[PDB]
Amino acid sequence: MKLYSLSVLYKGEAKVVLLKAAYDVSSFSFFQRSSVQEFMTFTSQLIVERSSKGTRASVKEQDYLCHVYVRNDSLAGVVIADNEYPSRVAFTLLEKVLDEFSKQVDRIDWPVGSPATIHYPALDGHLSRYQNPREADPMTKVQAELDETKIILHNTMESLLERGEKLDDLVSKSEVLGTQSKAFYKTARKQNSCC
């Protein structure tokens, strides 16, 4: 039961913009925390780049689970959790943030938003509170009209890409990922245990 990433984006026509994000890379190994955080940023953006307006989806990876909510007004919000964390509570958190986000930040600052320009300090407050769902608020108003079970599932994040689109060419080309993060993906040194 862990929450890794929680960010609010804006899907423009040209590019996808990062507005505000909250992270919790405490569970990971110390010297890898820097790289991991960059991947969760690179992931969240890539999900929105393949997500249509007014749709909910849950991209699944090995031991990691991403949940995306792109509204009609192209205001995207992505939460990244583990396999244990329930999807229903994930989308519930995504909704209560995107509603309080338009309340504090105007809609004209969205297409030209930036993590240093947008004023929203309520992300770290929620990410740390929604860690244990047995301690989160019981918003039944949101969950009532939340799930139509139209949440599209993906076995990997390859399903979002094209037919001949290689994910490795999306990692080493990205400007979000650092030079040590690009290597960290290539020099992943695929896991060994149970030998």
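Numbers for residues come from their place in the sequence shown, where the first is 1.
- In this entry, the higher average B-factor at the C-alpha atoms falls on 139 to 147, of the pair 64 to 72 and 139 to 147.
- If you average the C-alpha B-factors over 74 to 82 and over 115 to 123, the higher value belongs to 115 to 123.
- You'll see in the entry that, of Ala14, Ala22, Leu177, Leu9, the Cα B factor peaks at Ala14.
- In the deposited coordinates, the residue among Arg134, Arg129, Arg33, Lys53 with the greatest CA B-factor is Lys53.
- When all modelled residues of the chain are sorted by CA temperature factor, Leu167 is found within the highest third.
- Ranked within its chain, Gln104 lands in the highest third, by CA B factor from the PDB record.
- In the deposited entry, the Cα temperature factor of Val97 sits in the top third of values across the chain's modelled residues.
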